[PDB]
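Have a look at the structure below, then the notes.
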Amino acid sequence: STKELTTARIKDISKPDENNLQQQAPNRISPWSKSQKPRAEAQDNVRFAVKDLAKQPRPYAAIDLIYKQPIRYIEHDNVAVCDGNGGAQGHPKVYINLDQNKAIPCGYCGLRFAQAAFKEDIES
Amino acid sequence: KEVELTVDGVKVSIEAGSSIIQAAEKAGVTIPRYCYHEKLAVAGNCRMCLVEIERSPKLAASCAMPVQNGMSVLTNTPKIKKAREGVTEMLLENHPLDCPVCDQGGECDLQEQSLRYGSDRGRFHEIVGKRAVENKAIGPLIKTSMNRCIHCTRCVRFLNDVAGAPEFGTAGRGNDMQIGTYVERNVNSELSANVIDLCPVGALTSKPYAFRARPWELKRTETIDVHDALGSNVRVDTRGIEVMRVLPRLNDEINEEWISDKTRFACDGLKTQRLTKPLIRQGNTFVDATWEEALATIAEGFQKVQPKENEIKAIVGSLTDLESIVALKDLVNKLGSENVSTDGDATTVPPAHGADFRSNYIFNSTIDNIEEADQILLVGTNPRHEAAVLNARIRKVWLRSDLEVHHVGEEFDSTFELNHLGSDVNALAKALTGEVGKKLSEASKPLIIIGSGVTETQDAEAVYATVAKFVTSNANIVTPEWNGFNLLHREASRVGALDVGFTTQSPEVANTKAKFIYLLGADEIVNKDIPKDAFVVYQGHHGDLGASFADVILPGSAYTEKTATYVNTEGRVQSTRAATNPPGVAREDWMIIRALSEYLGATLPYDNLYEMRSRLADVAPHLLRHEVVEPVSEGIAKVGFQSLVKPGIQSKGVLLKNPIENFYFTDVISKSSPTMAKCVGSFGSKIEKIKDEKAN
Amino acid sequence: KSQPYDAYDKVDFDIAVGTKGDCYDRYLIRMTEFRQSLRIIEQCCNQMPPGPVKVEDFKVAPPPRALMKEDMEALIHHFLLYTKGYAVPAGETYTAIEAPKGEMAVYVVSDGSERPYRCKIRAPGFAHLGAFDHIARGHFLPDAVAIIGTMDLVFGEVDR
Amino acid sequence: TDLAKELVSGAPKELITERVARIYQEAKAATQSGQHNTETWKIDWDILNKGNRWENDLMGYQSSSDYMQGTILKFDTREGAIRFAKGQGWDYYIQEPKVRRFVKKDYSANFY
Amino acid sequence: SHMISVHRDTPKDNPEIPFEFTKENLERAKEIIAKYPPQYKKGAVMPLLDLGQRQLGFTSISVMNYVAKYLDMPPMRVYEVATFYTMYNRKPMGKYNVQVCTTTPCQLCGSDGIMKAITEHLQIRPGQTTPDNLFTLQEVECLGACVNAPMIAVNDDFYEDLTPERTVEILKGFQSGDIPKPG
Amino acid sequence: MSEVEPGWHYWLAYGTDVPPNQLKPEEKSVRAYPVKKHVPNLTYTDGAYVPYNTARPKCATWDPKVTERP
Ligand code: SF4
Ligand code: SF4
Ligand code: FES
Ligand code: FES
Ligand SMILES: [K+]
Ligand SMILES: [Zn+2]
């Protein structure tokens with residue numbers, strides 16, 4: 001193939017497989033940055049000639065994980081406050097404005113906040 | 001006029017009517033400011049520049065309060081430092097805690113002034129929270145995070161006054177005042193991206209540069225901008241091998257701390273479509289070849305077709321440096337050929353301005369003097385595209401005085417008001433002898449501006465003859481203290497090519513069906529004849545139509561990868577500076593010509609830059625004075641104006657169509673810049689669309 | 001005693017002075033300096049006060065993380081302290097302490113910037129090792145080993 | 001001053017023959033409105049036509065063989081920089097800073 | 001006053017909806033400019049904006065685009081004017097407009113009770129629109145009727161010195177068309 | 001020594017009083033990814049980690065095409 005394995009996409013096309021070592025991450029096939037080197041090209045190198053690719057570090061791609069979270073919906077307020085759900089062990093407190101009819105993600109965490117009144121259109 | 005005053009014991013002598021802050025800045029006292037910029041109208045709303053005047057209880061906005069005589073101005077009283085910390089404690093009340101994720105991080109004035117002039121602690125633990133605003137989308141070039149705006153109106157004042165784009169303003173009242181465009185529409189100005197530099201905070205940041213570097217990483221290199229002929233002084237920031245961003249730098253004679261949106265956001269074309277290895281055409285495809293094999297093939301190919309005396313054609317592109325021009329001009333004459341010209345679209349074989357007299361093809365009035373001009377006549381020029389920054393200079397004059405601008409050519413949507421006259425030569429003919437021509441002669445320093453696109457018309461010689469006929473018969477247009485005739489160029493290597501006479505004046509030679517064509521960065525040869533039985537070599541840094549036609553391709557270096565000489569439209573000689581290395585095995589542009597000569601039996605005398613830089617003294621002795629203009633002496637200029645006047649010229653009545661039909665695709669780097677592709681989709685070829693279809 | 005620094009003026013402790021200038025005297029003085037340290041250490045355990053451990057000046061000391069993540073000015077100062085640094089007013093100094101080896105001092109030259117312009121380090125061992133020739137003159141090879149040990153030559157300081 | 005002081009500095013010969021230094025005063029940055037980094041004169045060396053920076057194959061670092069890439073000198077007078085450059089026998093070239101032209105600015109000008 | 005300063009095109013409002021003055025409003029508009037000098041005719045945006053507001057019912061985007069066209073101005077200088085002033089309605093707004101002052105000099109005469117009395121009858125809160133489009137309640141700052149404090153304001157009328165039992169007369173009548181006499 | 005699981009590596013060094021099997025559920029780490037068997041230090045084997053550059057090259061060479069004159 002090498003078509004998805006070498007170009008970054010917002011969402012993949014086929015279901016990722018944990019055993020496929022050529023995937024960028026065990027839970028995602030294509031890379032998630034335009035300048036991120038594909039993992040297929042990275043391991044096609046002389047230094048991997050006598051290695052065991054299954055034991056090299058393969059952390060789970062964080063882009064796929066963060067979009068598996070539900071959208072927080074705020075009730076009768078257009079401003080959400082996020083702090084990383086840890087206070088002094090999270091990110092700095094940032095206020096998110098939800099006037100626009102979309103889910104605005106937090107700058108640090110990546111959690112997506114919206115209004116309850118906008119949920120029906122958003123969930124379409 | 002000057003009023004003598006003391007600021008904190010330092011005597012100050014400034015022009016009368018100046019503000020206190022300019023007086024203080026001259027005495028060396030530093031007065032913190034957010035809303036005051038030295039090229040914008042004065043608003044006094046940020047309230048950070050407050051000082052104390054001896055005969056008053058009320059603190060003075062030193063950016064607005066005009067200077068007095070004998071006045072005593074205090075800046076370091078404990079009363080003032082209390083005020084500075086109070087104001088600082090107010091701006092940061094609603095400011096987001098965004099510094100880690102904010103692209104203004106290491107270069108934000110709200111950080112450095114708060115650190116220097118504010119308190120070290122914050123007293124805002126309120127439970128309701130801060131104010132939040134929605135980010136407005138105003139195009140693909142400006143990334144807005146309006147949470148961070150400190151309501152200083154530099155964006156509004158610049159776009160309204162300098163840029164002439166009245167769609168940006170303050171909508172709302174009080175705590176809900178929201179800088180923006182009210183409705184959703186993209187900002188349409190060729191100078192709109194200069195707002196990114198003015199916005200002191202992270203509210204308006206570059207979209208192409210977003211999240212890519214921190215200001216302490218970059219290495220700043222002072223060079224020139226070659227996307228248009230003004231040669232605006234820029235600053236190129238490189239993080240290692242890549243060029244990350246381009247910014248303006250102060251030069252009050254050329255650009256005045258602005259650069260057009262083409263200049264700054266075309267930096268990402270340098271990483272795409274680059275020529276990195278020599279390529280040799282085999283069959284219908286290219287293969288990689290070494291410099292030994294590629295230089296030999298050109299040497300071998302030249303002797304196979306055996307071009308005669310003047311059957312060798314050299315074509316010079318828009319971006320080409322001056323050192324390569326002379327290296328190529330010497331090389332072709334070393335083979336005894338003078339079929340050397342450019343890839344433009346000129347009609348008459350001797351270009352209407354010619355190359356004999358410098359006064360006929362430069363901007364003789366100098367850009368710094370356009371401020372004091374009384375009347376300006378535009379002939380077939382669209383400065384909004386050809387020289388974007390120069391257009392803003394004319395507007396600033398037309399807003400502060402009674403300058404009247406006259407335009408002859410194709411009508412265009414201009415920033416300042418025009419007095420349209422017509423769209424052909426005959427229209428200009430009556431206008432010169434009519435009411436408008438009378439206006440110029442009565443004026444002290446009138447201006448006549450001829451565009452670069454005049455030549456590319458069928459009536460190239462008629463207009464130059466017509467206008468010169470007016471100039472050759474006046475005393476106000478050309479004085480000892482004024483030279484009122486100007487030509488506006490748009491390709492960055494015209495004045496360089498004409499100063500060294502890289503132009504053929506023999507009509508029969510220009511018609512010779514040349515067999516060996518050596519393309520030096522020429523990428524617009526669609527109309528130019530290239531016979532199927534011609535051996536073409538292209539030496540450039542980008543793969544485009546010029547490289548597609550070639551049979552051997554020799555990679556070269558961009559202006560950010562070499563030291564070179566450029567002469568801008570007004571005759572000023574400017575030398576770039578090397579910021580990075582050329583990619584791959586790509587060599588220097590004039591070094592290839594020297595190395596190619598040794599294979600072709602025309603070994604050039606030069607061995608290095610300094611040896612070649614001695615050659616620039618030979619061709620024209622003014623090409624060794626950097627950033628210095630050698631104005632044409634008044635007497636000799638009047639000789640050149642006469643030879644342009646020729647009885648027996650027929651005006652064909654061709655519309656003086658502007659040559660720039662796409663503002664963003666003009667050079668090789670622009671056509672390969674991914675960001676410029678977004679602009680054409682969002683703004684359009686003429687920056688006229690008001691809605692962004694491309695929005696996702 | 002000559003220039004007391006950092007609470008050394010608050011505690012009470014004695015010093016020991018030799019009389020023969022030989023290795024045995026320096027052995028005894030060090031063993032006394034052990035017991036005088038154990039006398040100061042107890043007092044600092046009993047006289048320890050409460051309060052801040054650093055200057056209450058966020059323009060030279062990073063703000064606490066909790067305040068950093070909640071207060072805007074703390075975030076600005078935390079940002080500029082870890083990237084730009086803090087500026088030191090121009091001038092120069094020569095600060096000496098009673099290091100365990102001897103007198104250690106630094107000659108720091110400031111330029112108003114965030115980086116020292118000059119920093120000369122006066123290591124006690126470096127000045128001692130020069131006097132080795134003047135002392136070892138007239139001694140045997142087993143006696144040289146004693147003189148090096150009685151000088152306390154850690155050569156990181158000598159070869160700074 | 002007049003002496004060939006470079007013969008005692010032990011510097012490699014290539015700084016005299018093969019490298020070009022530049023005496024310049026740093027320009028004001030467009031992004032920020034401060035005017036303090038533009039009051040001291042500095043000397044920097046030109047980059048090399050090849051081998052200034054190249055990508056390390058293994059980890060993607062920025063390798064370099066230019067031993068003057070991170071050397072910037074500071075001065076307080078222009079003459080001291082030129083004198084020092086002359087003393088070392090450096091092949092320098094001076095970059096004259098641009099001078100902003102004065103223009104009086106008045107609050108009332110928005111209507112007059 | 002509802003303080004939102006970014007306009008979003010609705011099915012009811014967009015620049016694609018035409019707006020043209022009536023034959024009468026041209027005569028007033030032609031003579032409204034008569035109060036301003038020739039070189040400063042742009043000062044008449046505030047009259048024309050409210051004059052055009054009444055023809056349509058509120059301050060639509062088409063009005064602002066039309067008003068800018070009339071006086072030779074970029075549409076933004078009208079947007080700045082429109083959203084700075086609190087009497088321009090950038091929404092359908094319905095038929096009537098209840099303005100209830102809640103400032104301190106009014107709040108001394110139990111101005112809270114008038115607010116509760118209105119909210120009871122119409123099943124709406126301040127800043128809301130009735131399901132019928134006949135009414136749209138709206139809080140307001142001082143209107144000048146402070147010496148006669150407990151005052152309601154409907155459209156442009158006055159009803160001072162009120163009580164929750166004074167609200168029964170008006171809220172019933174306006175639906176039936178029987179409008180009480182203002183003053 | 002690399003065979004000791006990270007949770008217990010801290011307890012063994014007298015760094016904590018609560019063993020990682022007596023942790024409060026409001027003190028356990030929350031992992032949104034499957035956790036596999038502990039992998040010891042893999043040096044002197046074939047599983048030793050190999051560094052590589054995670055960034056693409058910074059210049060993209062021209063994709064050559066040939067066009068033929070009229
Ligand atoms: S604009 Fe300045 S103060 Fe505000 S978040 Fe960005 S860096 Fe911090
Ligand atoms: S957006 Fe930037 S330039 Fe415009 S007012 Fe706000 S801080 Fe000033
Ligand atoms: S600088 Fe004077 S109030 Fe802003
Ligand atoms: S306080 Fe209510 S009308 Fe004045
Ligand atoms: K900015
Ligand atoms: Zn968050």
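Chain identifiers are assigned as A, B, and so on, following the order in which chains appear in the structure tokens; residues are numbered from 1 within each chain, and ligands are numbered from 1 in order of appearance.
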
Return as a PyMOL selection string every polymer residue, whether protein, DNA or RNA, with at least one atom no more than 12 Å from an atom of ligand 5; count only C-alpha atoms and all ligand atoms.
(chain B and resi 102-110+142-146+148-150+154-155+193-207+209-210+247) or (chain D and resi 30-33)

Can you write out the residues you just picked, keeping C-alpha atoms, as a PDB file, in the first residue's frame?
ATOM      1  CA  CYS B 102       1.077  31.679  22.480  1.00  0.00           C
ATOM      2  CA  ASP B 103       3.203  32.317  19.403  1.00  0.00           C
ATOM      3  CA  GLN B 104       4.195  35.735  20.789  1.00  0.00           C
ATOM      4  CA  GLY B 105       5.933  34.053  23.720  1.00  0.00           C
ATOM      5  CA  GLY B 106       9.463  35.340  23.692  1.00  0.00           C
ATOM      6  CA  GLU B 107       8.806  38.621  21.891  1.00  0.00           C
ATOM      7  CA  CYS B 108       5.620  40.016  23.431  1.00  0.00           C
ATOM      8  CA  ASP B 109       5.594  43.606  24.665  1.00  0.00           C
ATOM      9  CA  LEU B 110       2.927  42.791  27.243  1.00  0.00           C
ATOM     10  CA  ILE B 142      -3.852  35.966  10.025  1.00  0.00           C
ATOM     11  CA  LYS B 143      -4.499  33.615  12.929  1.00  0.00           C
ATOM     12  CA  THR B 144      -6.635  35.404  15.509  1.00  0.00           C
ATOM     13  CA  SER B 145      -6.866  34.601  19.217  1.00  0.00           C
ATOM     14  CA  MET B 146      -8.914  37.568  20.349  1.00  0.00           C
ATOM     15  CA  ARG B 148      -5.363  38.188  24.065  1.00  0.00           C
ATOM     16  CA  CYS B 149      -6.222  41.578  22.584  1.00  0.00           C
ATOM     17  CA  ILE B 150      -5.440  44.544  24.823  1.00  0.00           C
ATOM     18  CA  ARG B 154      -3.014  49.460  16.151  1.00  0.00           C
ATOM     19  CA  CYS B 155      -4.688  47.000  13.790  1.00  0.00           C
ATOM     20  CA  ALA B 193      -0.165  40.970   7.117  1.00  0.00           C
ATOM     21  CA  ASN B 194       1.882  43.855   8.505  1.00  0.00           C
ATOM     22  CA  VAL B 195      -0.764  43.943  11.241  1.00  0.00           C
ATOM     23  CA  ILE B 196       0.881  40.777  12.562  1.00  0.00           C
ATOM     24  CA  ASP B 197       3.975  42.810  13.421  1.00  0.00           C
ATOM     25  CA  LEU B 198       2.042  45.740  14.897  1.00  0.00           C
ATOM     26  CA  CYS B 199      -0.200  43.712  17.226  1.00  0.00           C
ATOM     27  CA  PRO B 200       1.965  43.804  20.361  1.00  0.00           C
ATOM     28  CA  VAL B 201       0.311  40.701  21.830  1.00  0.00           C
ATOM     29  CA  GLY B 202      -0.554  37.261  20.506  1.00  0.00           C
ATOM     30  CA  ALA B 203      -3.986  38.385  19.329  1.00  0.00           C
ATOM     31  CA  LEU B 204      -2.861  38.497  15.679  1.00  0.00           C
ATOM     32  CA  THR B 205      -0.181  35.978  14.695  1.00  0.00           C
ATOM     33  CA  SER B 206       1.090  34.432  11.480  1.00  0.00           C
ATOM     34  CA  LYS B 207      -0.873  31.391  10.337  1.00  0.00           C
ATOM     35  CA  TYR B 209       4.390  30.318  10.999  1.00  0.00           C
ATOM     36  CA  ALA B 210       2.013  29.052  13.676  1.00  0.00           C
ATOM     37  CA  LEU B 247       9.826  40.366   8.651  1.00  0.00           C
TER      38      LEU B 247
ATOM     39  CA  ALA D  30       9.499  44.649  13.928  1.00  0.00           C
ATOM     40  CA  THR D  31       7.611  42.531  16.472  1.00  0.00           C
ATOM     41  CA  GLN D  32       8.666  44.482  19.578  1.00  0.00           C
ATOM     42  CA  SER D  33       8.934  48.227  20.146  1.00  0.00           C
TER      43      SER D  33
END

For chain C, list the residues within 12 Å of chain D, counting only C-alpha atoms, and write the list as a list in words.
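Putting it all together, I get residues 111, 112, 113 and 117 of chain C.
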
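For the pair CA of residue 112 in chain A and CA of residue 88 in chain A, the separation is 21.1 Å.
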
re CA of residue 56 in chain E and CA of residue 179 in chain E: distance 22.4 Å

Taking only C-alpha atoms into account, report as a PDB file with N, CA, C and O atoms, in the first residue's frame which residues of chain F lie within 6 Å of chain A.
ATOM      1  N   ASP F  46      18.317  -8.283  20.879  1.00  0.00           N
ATOM      2  CA  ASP F  46      17.803  -7.681  19.659  1.00  0.00           C
ATOM      3  C   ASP F  46      16.687  -6.678  19.918  1.00  0.00           C
ATOM      4  O   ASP F  46      16.283  -5.970  18.993  1.00  0.00           O
ATOM      5  N   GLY F  47      16.183  -6.603  21.140  1.00  0.00           N
ATOM      6  CA  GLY F  47      15.136  -5.668  21.478  1.00  0.00           C
ATOM      7  C   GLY F  47      15.611  -4.314  21.933  1.00  0.00           C
ATOM      8  O   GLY F  47      14.790  -3.470  22.300  1.00  0.00           O
ATOM      9  N   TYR F  49      16.489  -0.605  22.046  1.00  0.00           N
ATOM     10  CA  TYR F  49      15.884   0.490  21.309  1.00  0.00           C
ATOM     11  C   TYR F  49      16.887   1.100  20.340  1.00  0.00           C
ATOM     12  O   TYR F  49      18.078   1.207  20.636  1.00  0.00           O
ATOM     13  N   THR F  54      12.576  11.557  13.866  1.00  0.00           N
ATOM     14  CA  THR F  54      11.130  11.533  13.713  1.00  0.00           C
ATOM     15  C   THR F  54      10.623  12.629  12.789  1.00  0.00           C
ATOM     16  O   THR F  54       9.410  12.799  12.654  1.00  0.00           O
ATOM     17  N   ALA F  55      11.518  13.377  12.157  1.00  0.00           N
ATOM     18  CA  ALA F  55      11.152  14.499  11.311  1.00  0.00           C
ATOM     19  C   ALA F  55      11.524  14.211   9.865  1.00  0.00           C
ATOM     20  O   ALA F  55      12.554  13.592   9.589  1.00  0.00           O
ATOM     21  N   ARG F  56      10.681  14.666   8.946  1.00  0.00           N
ATOM     22  CA  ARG F  56      10.963  14.524   7.534  1.00  0.00           C
ATOM     23  C   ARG F  56      12.107  15.444   7.126  1.00  0.00           C
ATOM     24  O   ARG F  56      12.444  16.386   7.843  1.00  0.00           O
TER      25      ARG F  56
END

Residues near residue 60 in chain D, anyone? I mean within 8 Å using only C-alpha atoms, not counting same-chain ones fewer than 5 positions away, as a PyMOL selection string.
(chain D and resi 55) or (chain F and resi 52-53+55)
